[PDB]
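Colleague: Following this line is my_file-v7.cif, made up of mmCIF, C-alpha atoms and all ligand atoms:
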data_my_file
#
loop_
_atom_site.label_atom_id
_atom_site.label_comp_id
_atom_site.auth_asym_id
_atom_site.auth_seq_id
_atom_site.Cartn_x
_atom_site.Cartn_y
_atom_site.Cartn_z
CA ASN A 701 37.16 28.59 29.83
CA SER A 702 40.51 27.23 28.73
CA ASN A 703 42.06 28.87 25.62
CA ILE A 704 43.54 25.58 24.32
CA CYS A 705 41.86 22.31 23.18
CA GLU A 706 41.77 19.76 26.02
CA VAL A 707 42.77 16.93 23.66
CA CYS A 708 45.56 18.36 21.42
CA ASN A 709 46.64 21.38 23.53
CA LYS A 710 46.46 23.76 20.53
CA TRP A 711 44.49 26.99 20.10
CA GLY A 712 42.15 27.49 17.16
CA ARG A 713 38.36 27.36 16.56
CA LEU A 714 37.36 26.16 20.07
CA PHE A 715 33.92 25.16 21.45
CA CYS A 716 33.56 25.80 25.14
CA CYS A 717 31.87 23.52 27.69
CA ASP A 718 29.05 25.21 29.66
CA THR A 719 29.47 23.12 32.79
CA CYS A 720 33.26 22.97 33.11
CA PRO A 721 36.15 25.17 31.88
CA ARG A 722 37.33 22.76 29.10
CA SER A 723 37.41 23.62 25.47
CA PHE A 724 37.64 21.59 22.25
CA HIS A 725 38.25 21.59 18.57
CA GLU A 726 35.16 20.32 16.78
CA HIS A 727 36.65 16.95 15.74
CA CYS A 728 38.96 16.59 18.73
CA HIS A 729 35.86 16.09 20.97
CA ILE A 730 34.25 12.64 20.66
CA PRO A 731 31.54 12.61 19.57
CA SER A 732 32.28 15.69 17.27
CA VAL A 733 30.96 18.86 18.96
CA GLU A 734 27.17 18.95 18.39
CA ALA A 735 25.76 21.63 15.94
CA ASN A 736 23.39 23.55 18.20
CA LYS A 737 22.68 22.63 21.92
CA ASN A 738 22.76 25.63 24.32
CA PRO A 739 23.91 24.89 26.91
CA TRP A 740 26.39 22.17 25.79
CA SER A 741 28.14 19.83 28.12
CA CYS A 742 31.38 18.04 27.06
CA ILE A 743 32.05 14.33 27.44
CA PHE A 744 33.91 14.80 30.72
CA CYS A 745 30.77 16.41 32.16
CA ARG A 746 28.45 13.73 30.70
CA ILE A 747 30.56 10.96 32.21
CA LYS A 748 30.63 12.76 35.60
CA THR A 749 26.78 12.93 35.44
CA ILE A 750 26.49 9.14 34.93
CA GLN A 751 28.64 8.57 37.99
CA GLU A 752 26.63 11.03 40.09
CA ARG A 753 23.26 9.60 39.09
CA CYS A 754 24.45 6.07 40.01
CA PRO A 755 27.14 6.23 42.70
CA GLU A 756 27.17 2.42 42.84
CA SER A 757 28.54 2.44 39.24
CA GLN A 758 31.96 3.12 40.79
CA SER A 759 32.08 -0.10 42.78
CA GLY A 760 34.58 -2.59 41.37
CA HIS A 761 33.72 -4.75 38.39
CA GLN A 762 35.13 -7.83 36.70
CA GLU A 763 36.60 -7.13 33.23
CA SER A 764 34.85 -10.21 31.84
CA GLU A 765 31.46 -8.72 32.78
CA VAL A 766 32.32 -5.29 31.43
CA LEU A 767 33.39 -6.70 28.08
CA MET A 768 30.08 -8.58 27.56
CA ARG A 769 27.97 -5.47 28.03
CA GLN A 770 25.88 -4.48 25.11
CA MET A 771 26.67 -1.05 23.64
CA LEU A 772 23.62 0.83 25.03
CA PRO A 773 23.96 4.68 25.21
CA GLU A 774 25.93 4.79 28.45
CA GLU A 775 28.47 2.14 27.31
CA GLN A 776 28.76 3.90 23.90
CA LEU A 777 29.62 7.11 25.75
CA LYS A 778 32.11 5.36 28.03
CA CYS A 779 33.97 3.91 24.98
CA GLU A 780 33.94 7.34 23.24
CA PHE A 781 35.49 8.85 26.39
CA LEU A 782 38.13 6.10 26.65
CA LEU A 783 39.06 6.65 22.99
CA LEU A 784 39.30 10.40 23.69
CA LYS A 785 41.63 9.83 26.67
CA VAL A 786 44.00 7.98 24.35
CA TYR A 787 43.94 10.86 21.82
CA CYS A 788 44.75 13.17 24.73
CA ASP A 789 48.31 11.70 24.84
CA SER A 790 50.57 13.17 22.20
CA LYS A 791 52.03 9.72 21.43
CA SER A 792 48.63 8.76 19.95
CA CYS A 793 49.84 10.44 16.73
CA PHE A 794 51.68 7.21 15.91
CA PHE A 795 48.52 5.17 16.04
CA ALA A 796 45.93 7.58 14.61
CA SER A 797 46.10 7.08 10.87
CA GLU A 798 46.36 3.97 8.69
CA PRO A 799 49.78 2.33 9.08
CA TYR A 800 51.90 0.59 6.43
CA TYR A 801 54.48 -2.10 6.87
CA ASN A 802 57.75 -2.41 4.93
CA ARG A 803 60.64 -3.31 7.24
CA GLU A 804 63.41 -5.81 6.57
CA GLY A 805 62.80 -8.91 8.63
CA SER A 806 59.18 -8.23 9.59
CA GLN A 807 55.85 -8.97 8.03
CA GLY A 808 52.86 -6.67 8.56
CA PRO A 809 49.91 -7.76 10.70
CA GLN A 810 47.05 -9.79 9.39
CA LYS A 811 44.47 -7.25 10.68
CA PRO A 812 45.78 -3.71 10.70
CA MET A 813 44.06 -1.32 13.11
CA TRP A 814 44.29 2.37 14.00
CA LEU A 815 42.58 5.00 16.12
CA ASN A 816 40.71 6.81 13.40
CA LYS A 817 39.24 3.46 12.23
CA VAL A 818 37.99 2.83 15.80
CA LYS A 819 36.62 6.37 15.87
CA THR A 820 34.67 5.81 12.60
CA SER A 821 33.47 2.43 13.88
CA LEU A 822 32.07 4.00 17.04
CA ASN A 823 30.44 6.80 15.06
CA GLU A 824 28.78 4.30 12.71
CA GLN A 825 27.54 2.14 15.74
CA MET A 826 29.49 -0.88 14.44
CA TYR A 827 30.25 -2.32 17.89
CA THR A 828 27.46 -4.30 19.61
CA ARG A 829 29.40 -5.02 22.82
CA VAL A 830 32.16 -3.27 24.76
CA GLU A 831 34.37 -6.29 23.88
CA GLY A 832 34.41 -5.24 20.15
CA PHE A 833 35.79 -1.85 20.94
CA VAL A 834 38.32 -3.09 23.50
CA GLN A 835 39.57 -5.89 21.17
CA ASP A 836 40.27 -3.38 18.35
CA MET A 837 42.02 -0.98 20.76
CA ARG A 838 44.25 -3.70 22.16
CA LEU A 839 44.99 -4.99 18.61
CA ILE A 840 46.48 -1.58 17.74
CA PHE A 841 49.21 -2.04 20.35
CA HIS A 842 49.70 -5.77 19.86
CA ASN A 843 50.26 -5.31 16.09
CA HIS A 844 52.87 -2.63 16.84
CA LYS A 845 54.76 -4.76 19.36
CA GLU A 846 54.86 -7.69 17.02
CA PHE A 847 55.99 -5.68 13.94
CA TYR A 848 58.76 -3.62 15.61
CA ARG A 849 60.23 -6.70 17.41
CA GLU A 850 63.45 -5.51 19.13
CA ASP A 851 63.50 -2.01 17.73
CA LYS A 852 63.26 0.43 20.62
CA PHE A 853 60.25 1.95 18.80
CA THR A 854 58.25 -0.95 20.26
CA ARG A 855 58.13 1.06 23.43
CA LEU A 856 55.69 3.57 22.00
CA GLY A 857 53.13 0.74 21.84
CA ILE A 858 53.73 -0.16 25.49
CA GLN A 859 53.39 3.48 26.48
CA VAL A 860 50.11 4.18 24.70
CA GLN A 861 48.67 0.78 25.73
CA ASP A 862 49.40 1.71 29.34
CA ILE A 863 47.37 4.96 28.89
CA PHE A 864 44.56 2.91 27.38
CA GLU A 865 44.53 0.28 30.14
CA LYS A 866 44.71 2.76 33.09
CA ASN A 867 41.84 4.75 31.58
CA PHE A 868 39.83 1.52 30.88
CA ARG A 869 40.16 0.48 34.52
CA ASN A 870 39.08 4.00 35.69
CA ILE A 871 36.17 4.60 33.32
CA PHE A 872 34.67 1.13 33.69
CA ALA A 873 35.49 0.89 37.43
CA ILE A 874 37.41 -2.33 37.17
CA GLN A 875 38.08 -3.93 40.58
CA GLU A 876 41.51 -3.03 41.88
CA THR A 877 44.01 -5.89 42.24
CA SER A 878 47.75 -6.63 42.81
ZN ZN A 901 42.22 19.83 19.46
ZN ZN A 902 32.66 19.93 30.56
ZN ZN A 903 21.33 4.51 41.26
#
How does this structure look as structure tokens?
Ligand SMILES: [Zn+2]
Ligand SMILES: [Zn+2]
Ligand SMILES: [Zn+2]

Modeller:
Amino acid sequence: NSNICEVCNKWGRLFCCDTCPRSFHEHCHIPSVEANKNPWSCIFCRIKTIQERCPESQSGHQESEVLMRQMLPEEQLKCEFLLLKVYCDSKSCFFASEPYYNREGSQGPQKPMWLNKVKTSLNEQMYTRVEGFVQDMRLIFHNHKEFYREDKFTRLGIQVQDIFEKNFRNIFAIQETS
């Protein structure tokens, strides 16, 4: 196995996947690495299994259909994986914890949002449809763009949103378009 966490790229107390060479910190994995379970398969492996059991799941889909899906176990897992892929980018640090807003010439957002809040919401089964999760994820980046206005720091929001959107289209097999 790898000797660094797949998500944060640091060593430490690592749990090793039994079906691939990836390793994780306990709370870097989503869901948090399960207490017992031998063998244990990571989220990358569990998502690969879904695909392999239903090859047709990789045919293209319309976003509008994906968003209306109820959060059954497979869609829960897909959203957990998508959230994890965002944490995998080091620029997610900016968006992880609860923000505050005190900048001359800007007003903070009406509905603040951050990664760790989405993570808690998924853990507590607060989303009933994929749309709930995706709306909160997109709101993170939209709030940032709006608040930072012409400051070059706005770009961090564009960058992390692009990671989110590419991974959303991959994980949920959104139909490719120009
Ligand atoms: Zn880690
Ligand atoms: Zn694995
Ligand atoms: Zn099938």

Colleague: Taking all atoms listed in the file into account, which residues are within 10 Å of ligand ZN 901 (chain A), as a short mmCIF file (atom, residue, chain, number, x, y, z; two decimals) with C-alpha atoms, in the coordinates of the input?

Modeller:
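What follows is the written file out_28.cif:
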data_model
loop_
_atom_site.label_atom_id
_atom_site.label_comp_id
_atom_site.auth_asym_id
_atom_site.auth_seq_id
_atom_site.Cartn_x
_atom_site.Cartn_y
_atom_site.Cartn_z
CA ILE A 704 43.54 25.58 24.32
CA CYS A 705 41.86 22.31 23.18
CA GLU A 706 41.77 19.76 26.02
CA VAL A 707 42.77 16.93 23.66
CA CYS A 708 45.56 18.36 21.42
CA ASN A 709 46.64 21.38 23.53
CA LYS A 710 46.46 23.76 20.53
CA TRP A 711 44.49 26.99 20.10
CA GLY A 712 42.15 27.49 17.16
CA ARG A 713 38.36 27.36 16.56
CA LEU A 714 37.36 26.16 20.07
CA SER A 723 37.41 23.62 25.47
CA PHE A 724 37.64 21.59 22.25
CA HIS A 725 38.25 21.59 18.57
CA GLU A 726 35.16 20.32 16.78
CA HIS A 727 36.65 16.95 15.74
CA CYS A 728 38.96 16.59 18.73
CA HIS A 729 35.86 16.09 20.97
CA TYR A 787 43.94 10.86 21.82
CA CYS A 788 44.75 13.17 24.73
#

Colleague: Kindly extract all protein, DNA and RNA residues lying within 12 Å of the coordinates (29.6, 12.3, 22.1) given in the file, considering only C-alpha atoms, and supply them as a tab-separated table (two decimals) with C-alpha atoms, keeping the file's coordinate frame.

Modeller:
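Written output follows (point02.tsv):
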chain	number	residue	atom	x	y	z
A	726	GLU	CA	35.16	20.32	16.78
A	727	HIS	CA	36.65	16.95	15.74
A	728	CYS	CA	38.96	16.59	18.73
A	729	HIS	CA	35.86	16.09	20.97
A	730	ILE	CA	34.25	12.64	20.66
A	731	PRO	CA	31.54	12.61	19.57
A	732	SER	CA	32.28	15.69	17.27
A	733	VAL	CA	30.96	18.86	18.96
A	734	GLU	CA	27.17	18.95	18.39
A	735	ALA	CA	25.76	21.63	15.94
A	740	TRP	CA	26.39	22.17	25.79
A	741	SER	CA	28.14	19.83	28.12
A	742	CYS	CA	31.38	18.04	27.06
A	743	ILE	CA	32.05	14.33	27.44
A	744	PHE	CA	33.91	14.80	30.72
A	745	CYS	CA	30.77	16.41	32.16
A	746	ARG	CA	28.45	13.73	30.70
A	747	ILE	CA	30.56	10.96	32.21
A	773	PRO	CA	23.96	4.68	25.21
A	774	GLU	CA	25.93	4.79	28.45
A	775	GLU	CA	28.47	2.14	27.31
A	776	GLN	CA	28.76	3.90	23.90
A	777	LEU	CA	29.62	7.11	25.75
A	778	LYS	CA	32.11	5.36	28.03
A	779	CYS	CA	33.97	3.91	24.98
A	780	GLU	CA	33.94	7.34	23.24
A	781	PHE	CA	35.49	8.85	26.39
A	782	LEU	CA	38.13	6.10	26.65
A	783	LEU	CA	39.06	6.65	22.99
A	784	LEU	CA	39.30	10.40	23.69
A	819	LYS	CA	36.62	6.37	15.87
A	822	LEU	CA	32.07	4.00	17.04
A	823	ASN	CA	30.44	6.80	15.06

Colleague: Write out as a count of residues only each polymer residue (protein, DNA or RNA) that has an atom no more than 12 Å from ligand ZN 903 (chain A), with all atoms listed in the file counted.

Modeller: 11

Colleague: Between CA of residue 862 in chain A and CA of residue 820 in chain A, what is the distance in Å, rounded to a tenth?

Modeller: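 Taking CA of residue 862 in chain A and CA of residue 820 in chain A, their separation equals 22.7 Å.
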
Colleague: Quick one: pull the distance between CA of residue 703 in chain A and CA of residue 718 in chain A, Å, one decimal.

Modeller: 14.1 Å

Colleague: Excluding range 833-836 of chain A and residues on its chain fewer than 3 positions from it, collect all residues at most 10 Å away from it, counting all atoms listed in the file, and give them as a list in words.

Modeller: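 Selected residues are residues 767, 771, 776, 779, 780, 782, 783, 811, 812, 813, 814, 815, 817, 818, 819, 821, 822, 826, 827, 828, 829, 830, 839, 840, 841, 842, 864, 865 and 868 of chain A.
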
Colleague: Could you give me, as a compact mmCIF listing (two decimals) with C-alpha atoms, keeping the file's coordinate frame, the residues within 8 Å of residue 791 in chain A, counting only C-alpha atoms and dropping anything in the same chain fewer than 3 positions from it?

Modeller:
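To be explicit, this is the file written out as result.txt:
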# COMPACT_ATOMS: atom_id res chain seq x y z
CA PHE A 794 51.68 7.21 15.91
CA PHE A 795 48.52 5.17 16.04
CA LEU A 856 55.69 3.57 22.00
CA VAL A 860 50.11 4.18 24.70

Colleague: Have a look at CA of residue 869 in chain A and CA of residue 790 in chain A and let me know their distance in Å, one decimal.

Modeller: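 CA of residue 869 in chain A sits 20.5 Å away from CA of residue 790 in chain A.
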
Colleague: Choose the residue, out of A:738, A:861, A:772, A:701, that has the smallest atom-to-atom separation from ligand ZN 902 (chain A); count all atoms listed in the file.

Modeller: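 Nearest to ligand ZN 902 (chain A): A:701.
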
Colleague: Here is a test: counting only C-alpha atoms, which residue of A:848, A:824, A:796, A:789 is nearest to residue 808 in chain A?

Modeller: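 Closest residue, counting only C-alpha atoms: A:848.
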